[PDB]
Amino acid sequence: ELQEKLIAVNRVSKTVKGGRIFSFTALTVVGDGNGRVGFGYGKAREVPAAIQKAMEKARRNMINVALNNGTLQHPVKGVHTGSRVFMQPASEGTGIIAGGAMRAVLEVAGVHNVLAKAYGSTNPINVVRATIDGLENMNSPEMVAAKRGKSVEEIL
Amino acid sequence: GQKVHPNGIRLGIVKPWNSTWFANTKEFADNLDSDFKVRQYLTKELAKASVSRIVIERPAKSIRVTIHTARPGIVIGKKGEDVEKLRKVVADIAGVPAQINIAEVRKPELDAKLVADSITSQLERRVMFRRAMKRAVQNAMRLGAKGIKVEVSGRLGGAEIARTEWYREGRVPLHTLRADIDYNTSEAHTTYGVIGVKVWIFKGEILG
Amino acid sequence: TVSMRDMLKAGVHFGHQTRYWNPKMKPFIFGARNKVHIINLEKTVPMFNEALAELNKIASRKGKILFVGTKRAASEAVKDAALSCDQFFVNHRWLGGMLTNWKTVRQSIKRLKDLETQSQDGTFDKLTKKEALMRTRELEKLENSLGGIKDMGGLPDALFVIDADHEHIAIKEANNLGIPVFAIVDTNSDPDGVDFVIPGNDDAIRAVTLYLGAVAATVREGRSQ
RNA sequence: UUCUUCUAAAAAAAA
RNA sequence: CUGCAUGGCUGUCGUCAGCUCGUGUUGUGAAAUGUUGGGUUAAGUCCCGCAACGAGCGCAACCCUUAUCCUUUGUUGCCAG
RNA sequence: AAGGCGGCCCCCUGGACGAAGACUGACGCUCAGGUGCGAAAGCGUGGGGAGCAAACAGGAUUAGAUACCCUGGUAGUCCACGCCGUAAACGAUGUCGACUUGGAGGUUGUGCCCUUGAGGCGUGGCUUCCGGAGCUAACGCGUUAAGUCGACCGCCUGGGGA
RNA sequence: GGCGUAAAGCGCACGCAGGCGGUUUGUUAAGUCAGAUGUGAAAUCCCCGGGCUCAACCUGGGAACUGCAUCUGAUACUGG
């Protein structure tokens, strides 16, 4: 049911008395092709075990993003430690205009038409954190209407 | 190489000898040589058949060798056809009357020699070494073994520099003498050289 | 269901010294007489009733609730209270990961169960005396730490914490797993993680026995329903 | 209390 | 010829007491915790405490020899009456 | 205000803070260029020179020792008037104003209650340490912000060259 | 976009020119906003069509040229 994407796999290291110990880290994202998406970061000595840990961590701690019919609902910007990210809704059939980790997380998150841009450092972990941060605090018309106590027609 | 051989260090505690006979010093050397010839010939002939252990014993000037294998149908074929063919040539090589018995090996996935030959054949037909190691360990742990550790060494995945990889699930106590650690090795003659495989299987502590 | 006069006799209104307060607990503090804070019972009572009501509601659906008190001033009181009301408790040290890492704590409770069967009815004596003492001590400490939850089967449906600050690890695990928290929170504790805040003293014997009797009463009534 | 210096070529993994 | 392409075997730090993993938690992260602390040991040996709970390779025991006694067996071994 | 200021007494003198009022009525904040103040070393002129001490000499250590250590010792350190205008001139954090949980002190006023002893309850100025949200690459900052804002100025655009 | 530690707060202050300015009322309409008029050559860019077999290319009409000047009006904010 859920679609899982592997974003970046790199080899981290650790020096001990014996010498260098090489470990692997796996950044993956999972989602239901709709408002549910979540990212996982796993680490192990082998890449299959790393990707498996990442998928288990990704399937938990997911969030609900109040998205439109196929796009976002307003231009929103997010930040997490090095990646000022900005994204806005686009018309039908323009695709996912995004780079690196952003493309994978958006695609799995179900949006199909979006203009995005990554400022600052484009580190994959930080941008996928910042992207879901912006998505998490993205207001919806019903939420803002109920929040301010007015009708959705009054706010349009 | 630092660790002593597990079967050797346990030869008088929980592990039996693979040749149990008596001989004075006059005929000890030629007896040992005869055992080597029959073992070499059998290992060469029964390469396809999964042979696990060749026990040799010679009571009253007549050699009797009992092969322990997991595929008796393959080694006998039609009833009484090639077992006699092996017995006559073994008797001719040793120069003494022979007799060949066959013991079936229940659960071949928990036998150190058979797992080594399986891994070595898979290596020779070029599968991923990691895949072979994982398959062997999972199969062994599923059939009820108290622990297995496998190690593969040398020019893995066609690399330029050799390395050693090993996995271990469960207990493999090598210092405990009463633990019946079944240990065996093998080697694969791949096109990039020879790769060595070692396997320790811990079946559970033996009391007495 | 619980008045104000009984609480005042128990000592619920007493808080901690002024140098130690925590500012997130300001709405429930009446004032400070003799350099010690006083909780306003006129505020603690109307929300304690809602907490007891919610606990009755969750009890009537045959839900497992977990009691957490380790201060040594409430250890016996929580143990006899939980047994009398047929619930679960942790009266000694809360081992970290007891809820989140339940996958291994299940193994440890299983170890406790087979070991106690071996000891009492299995009769696993007639071997070396030093090994028997080692197994006895292992079972003793394992029971001492995990006896109250040794037949729970799965993670509970609610948590009742005696001290919100001292038992911060349990509250954090519950929030991590989305399990509701009902807690007796003093003036020096942090109530953010708690879903059902209950202001009041968590140090006096009188007060703690009063709270435990009240929650035992409501959970028993709900189970009876 | 004093106790200086070691030029110039390495290799490491990729479900 | 190439141990600087290797298998197998061995030295070496060193029989020094250390080296890791699963799950959980903290940190964006490399990592940390466990494995640290108070005692104790030859020892990461054991107890208490403790966001850690457990497990594995190692630390000890199971093996050989030597030291005491008893039962069986006394020749080619022994000589108390 | 910064550099900085330590026995006691006198003369002249600047700034800061507190309690009650009264008064003028936006007169305010910042500031390129400009001006003033600005540790220590150094310069000029005239004094003074006990101790300390660049340079220098001698004695040690060392393979060497134009140094560290020892014995002496001159500019200088001190006074009067000018010049120089530079420091890790640092809180490595420009000035002014508003808002945002708290704890323990130091120092300096001042109001009330019986100063029922050196007690209790407030309210101002400066200042030290810890810490919540929040911010930060992290360390940390955290009502004296590196938080949330507004006004003005100076400065930065890879390292070396510089 | 930044200036504690990565490059970056002048050593500190006073202060002319310059930038900004608490709160209430009246007046003016310069800044600002609305409408109208004149102008912003043709081509080029964009929209809907037409002609070379299509396309490049040519071409009809519209939009755009975010600007400037004048007239009339609005007075909340800034300025007098």
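Residues numbered from 1 in each chain as written, not as in the entry; some residues may be left out. Chains lettered and ligands numbered in written order. Part of a larger assembly, values for the part shown. Heavy atoms only, no water.

In the PDB archive, cryo-EM is given as the structure determination method for this entry, at a resolution of 2.8 Å.

A. Geometry of the overall build of chain B. The secondary structure content of chain B amounts to six helices and seven strands. In sequence order, the secondary structure elements of chain B are arranged as α-α-β-β-α-α-β-α-α-β-β-β-β. Computed over C-alpha atoms, the radius of gyration of chain B comes to 19 Å, within 12% of the 17 Å expected from 2.2 N^0.38 for 208 residues, which places it in the range of a compact globule. Put simply, chain B has 208 residues, and 37% of those count as buried. Long-range contacts, defined here as pairs at least 24 residues apart, represent 59% of the contacts in chain B between residues at least 6 apart. (Helix = DSSP H or I, 4+ residues; strand = E, 2+ residues; numbered from the N terminus. Rg over C-alpha atoms; globule rule 2.2 N^0.38 Å. Buried < 20%, exposed > 50% of the residue type's maximum accessible area, 1.4 Å probe, protein only. Contact = heavy atoms within 4.5 Å.)

B. Layout of unusual backbone geometry. Residues and elements named next belong to chain C. For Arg72, which is not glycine, the phi torsion reads 80 degrees and is therefore positive. Topologically, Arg72 is positioned in the loop between strand 4 (65-68) and helix 3 (75-84). Phi at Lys126 is positive, roughly 65 degrees, even though this residue is not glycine. By the element assignment, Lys126 lies in the loop between helix 4 (102-120) and helix 5 (129-146).

C. Spatial organisation of the nonpolar core. Residues and elements named next belong to chain C. In this structure, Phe67, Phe160 and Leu212 are the most contacted members of the largest nonpolar core, which totals 36 residues. Elements represented by at least two residues in this core include exactly helix 1 (5-10), helix 2 (41-59), strand 4, helix 3, strand 6 (158-161), strand 7 (181-185) and helix 7 (205-224). Discounting residues that sit within four places of it in the chain, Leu212 has contacts with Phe67, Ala77, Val78, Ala81, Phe160 and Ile162. Counting 33 residues, the second-largest nonpolar core is a separate cluster that includes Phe28, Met152, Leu159 and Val197. (Core = buried A, V, L, I, M, F, W, Y, C linked by side-chain atoms within 4.5 Å.)

D. Inspection of the sheet that holds strand 2 (residues 20-31) of chain A at higher detail. All names here are of chain A. The antiparallel open sheet is built from four strands, whose spatial order is 1-2-3-4. Strands with a single pairing partner mark the edges of an open sheet, and in this sheet they are strand 1 (3-15) and strand 4 (63-64). Pairing of strand 1 with strand 2, which is carried by twelve bridges, proceeds in the antiparallel orientation. Bridge pairing in strand 2 links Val12 to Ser23. The sheet contacts of helix 3 (residues 124-136) involve strand 1, strand 2, strand 3 (36-44) and strand 4, and relative to strand 3 the element is tilted by about 155 degrees. (Pairing = 2+ DSSP bridges. Axes fitted to C-alpha atoms, helices over the stretch in contact; angles between N-to-C directions.)

E. Fine view of helix 6 (residues 168-176) of chain C. Residues and elements named next belong to chain C. Three or more residues of helix 6 are buried, namely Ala170, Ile171, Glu173 and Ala174. In an axial view of helix 6, the angular spread of the buried residues amounts to 160 degrees, which keeps them on one side of the axis. Set apart from the buried face of helix 6 by more than 90 degrees, the exposed residues are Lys172 and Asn176. On the buried face of helix 6, the contacting elements are strand 4, strand 6 and strand 7. (Arc of directions from axis to C-beta.)

F. Main features of the sheet that holds strand 1 (residues 51-57) of chain B. All names here are of chain B. Ordered by their spatial adjacency, three strands build an open sheet running 1-2-3, and the pairing between neighbours is mixed. Pairing within the sheet leaves two strands with one partner each, and these edge strands are strand 1 and strand 3 (100-104). Each neighbouring strand pair of the sheet contributes to a mean axis angle of 20 degrees, computed without reference to strand direction. Docked against the sheet, helix 2 (residues 25-45) engages strand 1 and strand 2 (64-69), running at close to 155 degrees with respect to strand 1.

G. Broad picture of the protein's contact with RNA strand F. In the vicinity of RNA strand F, the contacting residues are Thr81 of chain A together with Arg19, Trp21, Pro23 and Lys35 of chain C. For RNA strand F, the fraction of atoms within 4 Å of the protein that belong to sugar or phosphate moieties is 89%. Within the contact set of RNA strand F, a sugar or linking oxygen lies 3.1 Å away from a backbone nitrogen or oxygen of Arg19 of chain C. Between RNA strand F and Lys35 of chain C there is a distance of 2.5 Å, counted from a phosphate oxygen to a side-chain nitrogen or oxygen. When its residues are assigned to classes, the surface near RNA strand F shows two nonpolar, one polar and two charged. (Near = heavy atom within 4 Å. Polar contact = N/O pair within 3.5 Å; in protein donor to acceptor, adjacent residues only side chain to side chain. Nonpolar A, V, L, I, M, F, W, Y, C, P; charged D, E, K, R; others polar.)

H. Structural context of the packing of helix 2 of chain C against helix 7 of chain C. Residues and elements named next belong to chain C. Axis separation between helix 2 and helix 7 bottoms out at 8 Å; the angle between their running directions is 35 degrees. The element helix 2 and its partner helix 7 pack so that their crossing is right-handed. Where helix 2 abuts helix 7, its residues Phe48, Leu52, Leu55, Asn56 and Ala59 lie against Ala214, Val215, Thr218, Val219, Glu221 and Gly222. Among the residues making up the contact of helix 2 with helix 7, the classes are represented as seven nonpolar, three polar and one charged. (Left-handed = near helix turned anticlockwise from the far one by under 90°.)

I. Molecular detail of the pairing of strand 7 (residues 193-202) of chain B. Residue and element names in this part refer to chain B. Pairing between strand 4 (residues 147-153) and strand 7: seven bridges, direction antiparallel. Paired with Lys149 across the two strands is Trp200, which belongs to strand 7. Strand direction decides the pairing type here: strand 6 (residues 182-190) and strand 7, joined by nine bridges, are antiparallel. What sits directly across from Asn184, in strand 7, is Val199.

J. Seen up close, the pairing of strand 1 of chain B. Residues and elements named next belong to chain B. Most of strand 1 sits inside the fold, with five of its seven residues counted as buried. As paired strands, strand 1 and strand 2 are joined by six bridges and run antiparallel to one another. In the strand pairing of strand 2, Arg53 is matched with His68. With antiparallel pairing between neighbouring strands as the criterion, strand 1 and strand 2 make up a hairpin whose turn holds six residues, including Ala60 at a positive phi of roughly 50 degrees.

K. Molecular detail of the pattern of salt bridges. One pass over the structure, following the stated rule, counts 19 salt bridges over all chains. When the shortest N-O distance is used, the salt bridge between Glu56 of chain A and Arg59 of chain A registers 2.8 Å. Residue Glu56 of chain A and its partner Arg59 of chain A are both found in helix 1 (residues 47-59); the two are separated by three residues, about one turn of the helix. Judged by its relative accessible area of 35%, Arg59 of chain A falls in the partly exposed class. The salt bridge partner of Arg135 of chain C is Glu131 of chain C, with a shortest N-O separation of 2.5 Å. Separated by four residues within a single helix, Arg135 of chain C and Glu131 of chain C lie in helix 5, roughly one turn from each other. One salt-bridge network, held together by shared partners, links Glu4, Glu56 and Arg59 of chain A. (Salt bridge = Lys/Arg side-chain N within 4 Å of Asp/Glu carboxyl O.)

L. Layout of the packing of aromatic side chains. Across all of its chains, the model carries four aromatic pairs over all chains by this definition. Measuring from ring centre to ring centre gives 5.6 Å for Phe67 of chain C and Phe160 of chain C, while their planes differ by 45 degrees; the resulting arrangement is tilted. Of the two residues, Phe67 of chain C sits in strand 4 while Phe160 of chain C sits in strand 6, which places them 93 residues apart along the sequence. In this structure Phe160 of chain C comes out as buried when scored by relative accessible area, which is 3%. The cationic tip of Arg58 of chain B hangs over the ring face of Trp21 of chain B; the distance from NZ or CZ to the ring centre is 5.9 Å. (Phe/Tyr/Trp six-rings, centres within 6.5 Å; stacked < 30°, edge-to-face > 60°. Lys NZ or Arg CZ within 6 Å of the ring centre and 35° of its normal.)

M. Fine view of the environment of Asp163 of chain C. Residue and element names in this part refer to chain C. With respect to the helices and strands, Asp163 occurs in the loop between strand 6 and helix 6. Sequence-wise, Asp163 and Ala216 are 53 residues apart; in three dimensions their C-alpha atoms are separated by 18 Å. At 2.7 Å, the side chain of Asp163 and the side chain of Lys71 are in polar contact. In this structure the side chain of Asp163 is engaged in a polar contact, spanning 3.0 Å, whose partner is the backbone nitrogen of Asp165.

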